[PDB]
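Okay, so here's the structure we're looking at.
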Amino acid sequence: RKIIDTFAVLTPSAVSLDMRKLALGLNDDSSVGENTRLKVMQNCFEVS
Amino acid sequence: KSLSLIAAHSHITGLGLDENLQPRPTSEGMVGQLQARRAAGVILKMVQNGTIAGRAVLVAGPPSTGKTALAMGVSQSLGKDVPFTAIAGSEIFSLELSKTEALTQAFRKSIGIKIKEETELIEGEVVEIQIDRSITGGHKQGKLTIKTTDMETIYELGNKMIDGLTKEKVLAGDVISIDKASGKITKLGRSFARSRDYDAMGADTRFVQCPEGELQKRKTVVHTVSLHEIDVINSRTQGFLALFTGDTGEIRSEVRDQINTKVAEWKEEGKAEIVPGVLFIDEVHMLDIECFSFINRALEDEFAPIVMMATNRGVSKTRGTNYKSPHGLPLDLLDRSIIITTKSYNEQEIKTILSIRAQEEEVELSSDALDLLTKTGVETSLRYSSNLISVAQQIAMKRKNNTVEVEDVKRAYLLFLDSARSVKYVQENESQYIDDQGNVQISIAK
Amino acid sequence: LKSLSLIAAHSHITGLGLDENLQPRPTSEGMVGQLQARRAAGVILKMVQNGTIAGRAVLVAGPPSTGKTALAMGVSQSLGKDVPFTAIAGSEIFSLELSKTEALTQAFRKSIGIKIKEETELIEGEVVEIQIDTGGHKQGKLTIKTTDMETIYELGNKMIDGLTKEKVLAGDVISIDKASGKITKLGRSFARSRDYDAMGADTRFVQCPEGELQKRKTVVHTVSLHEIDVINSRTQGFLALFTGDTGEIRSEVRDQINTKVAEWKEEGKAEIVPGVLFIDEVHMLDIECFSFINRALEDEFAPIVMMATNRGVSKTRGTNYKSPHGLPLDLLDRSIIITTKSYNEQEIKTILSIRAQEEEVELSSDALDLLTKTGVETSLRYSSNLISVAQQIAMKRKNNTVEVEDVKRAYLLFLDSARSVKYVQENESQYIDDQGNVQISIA
Amino acid sequence: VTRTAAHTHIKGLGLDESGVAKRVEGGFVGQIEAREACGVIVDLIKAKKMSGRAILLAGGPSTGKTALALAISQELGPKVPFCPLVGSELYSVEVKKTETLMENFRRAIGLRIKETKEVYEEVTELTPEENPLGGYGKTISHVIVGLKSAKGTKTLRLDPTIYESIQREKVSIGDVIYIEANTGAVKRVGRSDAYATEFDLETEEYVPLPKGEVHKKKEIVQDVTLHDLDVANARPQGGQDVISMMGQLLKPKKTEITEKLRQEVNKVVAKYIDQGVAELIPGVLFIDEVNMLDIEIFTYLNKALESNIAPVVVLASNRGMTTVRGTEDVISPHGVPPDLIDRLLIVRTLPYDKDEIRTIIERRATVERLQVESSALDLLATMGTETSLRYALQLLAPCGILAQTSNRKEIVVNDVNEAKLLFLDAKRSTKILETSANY
Amino acid sequence: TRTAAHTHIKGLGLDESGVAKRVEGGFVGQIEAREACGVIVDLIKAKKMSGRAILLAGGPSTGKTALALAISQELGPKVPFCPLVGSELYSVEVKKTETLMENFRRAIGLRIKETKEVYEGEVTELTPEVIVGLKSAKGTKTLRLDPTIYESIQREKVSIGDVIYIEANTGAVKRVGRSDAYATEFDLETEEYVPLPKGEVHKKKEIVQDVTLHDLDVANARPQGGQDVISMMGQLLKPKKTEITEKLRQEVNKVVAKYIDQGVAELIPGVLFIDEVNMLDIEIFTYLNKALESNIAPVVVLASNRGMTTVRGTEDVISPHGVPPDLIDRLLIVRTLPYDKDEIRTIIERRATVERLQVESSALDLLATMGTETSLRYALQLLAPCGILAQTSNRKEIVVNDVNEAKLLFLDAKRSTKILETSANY
Ligand SMILES: Nc1ncnc2c1ncn2[C@@H]1O[C@H](COP(=O)(O)OP(=O)(O)O)[C@@H](O)[C@H]1O
Ligand SMILES: Nc1ncnc2c1ncn2[C@@H]1O[C@H](COP(=O)(O)OP(=O)(O)O)[C@@H](O)[C@H]1O
Ligand SMILES: Nc1ncnc2c1ncn2[C@@H]1O[C@H](COP(=O)(O)OP(=O)(O)O)[C@@H](O)[C@H]1O
Ligand SMILES: Nc1ncnc2c1ncn2[C@@H]1O[C@H](COP(=O)(O)OP(=O)(O)O)[C@@H](O)[C@H]1O
Ligand SMILES: [Mg+2]
Ligand SMILES: [Mg+2]
Ligand SMILES: [Mg+2]
Ligand SMILES: [Mg+2]
């Protein structure tokens, strides 16, 4: 923790929104199956 | 839009030709080469016909003979609705797509299909968006008053489109280009009614686009896509990620076969439109024998877009083989294809091209500098003077006078060397720089 | 022809099953000659079947089309089943993700034979019909009604809440382990076939087994140890048995498995089964492969390899020097040689007739003798193709017999190699050299 | 809206039962011996009686090897499988090329399978309700579900799994389904038109009301090769948790097919054909530009031809006394080693003639729907006879372009000479490149 | 402090007419190279044209890379100089051409003004279904968490008494820590005590964080939301650089065009660098031959020097500087002359002054003699060793003994070669 805390200052420069939910498959609109989105967000809730 | 300030190749806009397929001596920048421009017009009529396939033509001859100018003129002269593939053959190698996969991707991208889809709309100022509860008798009493300038009308939501409006948080009064088979309602902003509202002072903050068309009308929307998008859709359930990032992943053959059948029957059913474009490639002498066999079979194939292939070098070594043949290509493909030779320029067309370059760069030249540039270019090459004009203009600013005078071109000539100057300078310094062995005699004395 | 197999160039030859005397016959199982070769092959096959001595080697030489691949296939057929045969060619070891050395090691690991036995226990016929007197499972005893014994089984903390596990209507045949095991459904009953019109994919109907319940069942498996290596390669290494992403198996797993098989053999739970290796045309292989095998073929588990090639004085791939047979002296020292001989007329005609029988093809005297002449001046394979093409001609000629007509039509319309070379040399004008020298011009 | 590329002018060999050819038929003119041999070979192929046959033909460029290949492919019909791919495609990246050659042999062999299936389909009514018979909470195992369809309604209950399938489809009372009873799952036709119009808008399709009686039954016949089965078995098809979605989102790569899978697929296909489900057909393999292959393939094929399931292959090399690509001293006719030619025979595909070439040009004019004059046709044919037919073939279309720009529908000597001037050939480039100061 | 052979150069020294002084800001002679560099500097300062490149040819220690650093430090901070060597273009997971275009896209600077806001406050409640009731110094507002960012909030162990720096536009959450208001919880509490942030929770600022073309390329190609769990999967599934194709290139061109036409943004060009193009193979030369024939390729400089040597990637292409003839014919040559005795004197003098070496007159002259006798670099590498030797041999100045000890200790290539022809073993 002491080796991971202080130096964490670097910030990646550019980010574009709506490019991660479009990649995981969880969203309000995707070509992948919709039978997982609820259980997938529950996993995200409680996946260590 | 299309941010590109200037280039040595941004000086031609649309080429120039006539209905007789005859060249224009000053055809919108590019000049001379009557055979080249007539052949360009012949190929233009060929591609407008859209009735032949598997044709390969070789732009032979010495380099600098307007070959890139010819390609650019053809590309800008054919017009829109026909995307091209103008990529040099050097970057065919990749760490994600094999040579066969890359060639197949190029070939399938060269041939396009337009698709007309009879999508719908519901346009009009939706002044209110009421979402009633899911009553048992009627599962959704959702009021929403879409009305254009022509009429006043109300509608009803079928318990599916409530979040379609507000997938992104928008309000009512938004022109909605709704699609029945989409589920993603697109809001165009704000809209107007034809009412004066209340009696006291008001009607403030209303200046937007008002709906103009009918409340509903069919739209046969046309979309143009290449085989790349369709194939990446076939390979993976999500295809936009690989279209953007670029990690398709060498899709398999039965996909291409089923797409072939599907496109054939779609054309037969009157739903799609075939657009058989033409592929452009460069540095064919550098191409390798496996690519030679690939194109050899492709030419004999029933589906093959026309080919614009050129070898700048003449009688050069054939890459991928142990033997050298004319054009860097063996006689098999050489006889299979057709040949158009290209010869060099005289000085006057260089002068005209440089004058066009100058007036494109909106610089007040003086004709003495132009004459010096013409002499320097004709002595060595066109590109020499094409850069000399710009550097002399820079020197013109550096001496605080707008006109490009003699001393600007003279300083440009003396400062930056020439190919003959460089070779003379290095052959007299055979023991001063790094050489074959790398022997550098830094020792000026002793 | 259990599988979709159609026909072989040598399908008549299935087994080097020499007689009890092992003295070769002028004709046997369709093969003719190879007398000393067949005797040595029988000796080698018996030595392999011994299953007590490892690290042997035999080399095969001679011009091709002499039944060498047929020889190996007949040896494999005479070895029977339960002995998987390593079908690997020379051009299969230069793989991308598998280096040649450990690829050969994997081939040997597949080549080994082993047997494994195991014993388990189950209960059969449990037509249960639970009925108890909510939750809690007060007085948790279940009726069990199979063909032999129909009683009530008492349960405990693990079953009174294990019967509420696998929630069923208790009108079906079920299995439980009397050795403290779980509950598994084997299907419903025929009375349950009619209750639902379209039974779900899970629901199948099987009769109550006609017998008792406590079944102590023994099972036997024949799985190569490399399969176990793939299984235990990762935490869940079951998907990789067929995909092929082994990944250059480390030697620590190899020696651990060797120790395990040794201790299980000493325990009697496992016993070995001999294996063979065979690759055709060993000459077109790297000198590194020969160097590796010359050491790896004397290990404790060293199945014999069926070396075979036909080249002459050439260079071992991976070197520069001239070598015997295109093979190193080290490999040409720790082995024994099998050689073939030029064909004679009698076996040529007999083999042609046997092939025609295998192809359901009738050959008369004139066609047989003419094709024997072709197969003696040329090789026999040309006549083996010509019998097929001539039978096609005949059945297009509204007859089944093959005679001078179809054979002569084939001879005119199919070219011999020597005359093909003569035609090439006399019409080189239309041909192309390395430098692309082609005379496209005609006039 | 048509495109003809050096073909579509050929539709068959044009033979008879007695091996009699036709001088001008099926887009083929001449080649009596080649047509006879091809007819005999295809007659042998149609019987499905053999496997692993091979043949090499010696034919120069433009002599008609590709035309013969296309004609023979069309002889067996669309249903007979074929996969003629370029000889330079063997050298792949993600899989060793011998494995690719095995994969192509697996693809080539064909088969015809079939299956009969039933299916039920809106929903008339609905009545949901077994006993736990123990400590279980309850036991739900039967629900009466309506089935409207069009021609008669037949409601029926089945295993509860069909009920959970009904909830999985999330279908209302006025919603039509399509439930194949073989699995008990749901295939969704969509919503219905009867209980529809509950609102003025609906993104979900109303969907036409199903037509016919509800207890639908049918049979399907599909011709599928084995490599599709292999690749389908290789990857997972279902799943609900993270592994399935990540694997499907993952991009599969070409791998090596194990021989144990070959044994398994042979066993299962034999079991299915023995029940009458599938019928057997062999395949056809063709490779062009074969002389560029290396000696290791040329010698592995020596044993690969002995494969008992390998279909008929056709071998095509155009060169002569050439060394196999990668051979220091293995020089052979057509770049194929003698130990390989000892397993097949030789055909001779020769170039064309004067009347033959002029008829070829005229027929290409016909398929290109352009009118050709006698003088221009004869000039094209003659200069093809001296140098090359393909020159005239590639000049036909631009000459038609010139004629159209001249507002005429025929080629005149002017058009052909203008195309000759504006478009050179190989021969004129054999004596012009040397005098080029700039390369 | 530390000095590594540079930082002595501090500009060309061009006057109002672009003419540099003789020895100013670390410079010696080479008026041709200085004048050509000044001309290129003026052309770049024009900021109108693009797609042109030059090479400067000179031997070792001729000031080529020195002039490159001079032009770099002359251009200034905002306009970037891109240094790259022929060994750099040999990448691992992507092809060399794509690497060259990545360098080209990141070369051009693009001043942009995008917007960021941050929610920062003390949490008051959380309502699972999401509420995060951030309480700042004067504001207490409750956002809604999307399920993904709700999970990220859950993993942040944030409870009553915690402040988080959760950005508004990116959305990622960075907890500030336990509230300083609840400092009376434990006299030795582990968590840091941070007070309630000033202003409203939804603090808004105007930022000038610019973007290079590669930056906004990786923004959508590989999204980097960061702290949220779904952002972790997004940056974990494809953490590397993917082969961006021309389609995304055109999409990016449209996006940057609309952003620059929004008005606040602007464009500035840049300079790229290549050293020793002689080692480059024919493939990259041929590809760049058709790549410079475009409208976007920015300015690059070449530094190479070879005689009649075969171009790498070929076997028969013999040309000066190891450059293929076509590239030479389409590229501008700048000449450099060998350094002279007086130039060597001044070079050693300045290199002693920067290294805080008060080398006296005769020592400087003798060092110049060695510089003129074997090589400039041989004399230059001895300034620090001779000073340290005199320091160990108790001499503030550098007597001839120190330089003789250096010349018998640290030999040059010529003396080692003289040794090498007389040896029983290599
Ligand atoms: N006829 C021409 N008219 C105008 N510009 C030309 C002409 N020929 C060449 N150029 C210029 O030269 C560049 C292309 O060089 P080019 O002569 O096509 O070389 P190559 O013939 O070897 O392809 C273009 O940027 C163009 O501006
Ligand atoms: N003794 C024999 N009896 C019957 N047929 C034989 C005999 N010897 C050879 N043949 C035939 O000759 C062919 C020999 O081919 P083979 O030697 O296996 O090829 P390779 O030399 O490539 O291994 C077989 O197809 C077989 O039908
Ligand atoms: N005998 C023939 N009759 C009609 N057309 C032919 C004949 N031979 C060749 N052609 C035509 O010539 C064109 C080129 O033939 P090509 O495939 O190059 O022959 P090859 O495969 O021998 O090189 C083909 O499109 C084909 O239609
Ligand atoms: N004009 C100059 N003024 C000061 N130092 C210079 C000058 N030219 C070269 N040098 C020094 O000589 C060394 C070599 O110069 P550099 O341009 O980096 O490489 P090269 O000249 O060998 O291509 C550098 O370390 C630099 O400090
Ligand atoms: Mg050019
Ligand atoms: Mg071909
Ligand atoms: Mg063999
Ligand atoms: Mg330098």
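Chain E uses Swiss-Prot numbers throughout; the residues present, in order, are 22-150, 166-462.
Determination method: electron microscopy, 4.4 Å.
Quick reminder: no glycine exception, Cβ is built from N, Cα and C everywhere.
These come from Swiss-Prot:
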type: BINDING; residues: E:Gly79, E:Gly80, E:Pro81, E:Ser82, E:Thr83, E:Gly84, E:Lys85, E:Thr86; note: ATP binding site
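Taking 8 Å as the upper bound (exclusive) on CB-CB distance to chain B, the binding-site residues E:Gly80, E:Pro81, E:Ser82, E:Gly84, E:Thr86 give E:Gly80, E:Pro81, E:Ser82 in sequence order. Excluding the listed site residues E:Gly79, E:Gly80, E:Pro81, E:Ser82, E:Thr83, E:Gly84, E:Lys85, E:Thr86, the same chain places E:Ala87, E:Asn341, E:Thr372 with Cβ atoms within 8 Å of the centre of the ATP site Cβ atoms. The 6 Å Cβ screen around ligand 8 retains nothing from the binding-site residues E:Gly80, E:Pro81, E:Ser82.
For the recorded site, E:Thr86 (ATP binding site), the DSSP three-state label reads helix. Ligand 7 lies within reach of none of the binding-site residues E:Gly79, E:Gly80, E:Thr83, E:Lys85, judged by a C-beta closer than 6 angstroms to any of its atoms. Residues within less than 8 Å, Cβ to Cβ, of E:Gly84 (ATP binding site) and separated from it by at least 6 positions along the same chain comprise E:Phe48, E:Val49, E:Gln51, E:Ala54, E:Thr372. Neighbour counts were taken as the number of other C-beta atoms within 10 angstroms of each residue's C-beta; across the binding-site residues E:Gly79, E:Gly80, E:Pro81, the minimum falls on E:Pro81. The local packing around E:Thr86 (ATP binding site), expressed as other Cβ atoms within 10 Å of its Cβ over all shown chains, amounts to 17. A simple Cβ count within 10 Å picks out one of the binding-site residues E:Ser82, E:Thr83 as the most packed, and that one is E:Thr83.
Summarising the environment of E:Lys85 (ATP binding site), the number of other Cβ atoms within 10 Å of its Cβ, over all protein chains shown, is 23.
DSSP assigns E:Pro81 (ATP binding site) to coil in the three-state reduction, placing it in neither a helix nor a strand.
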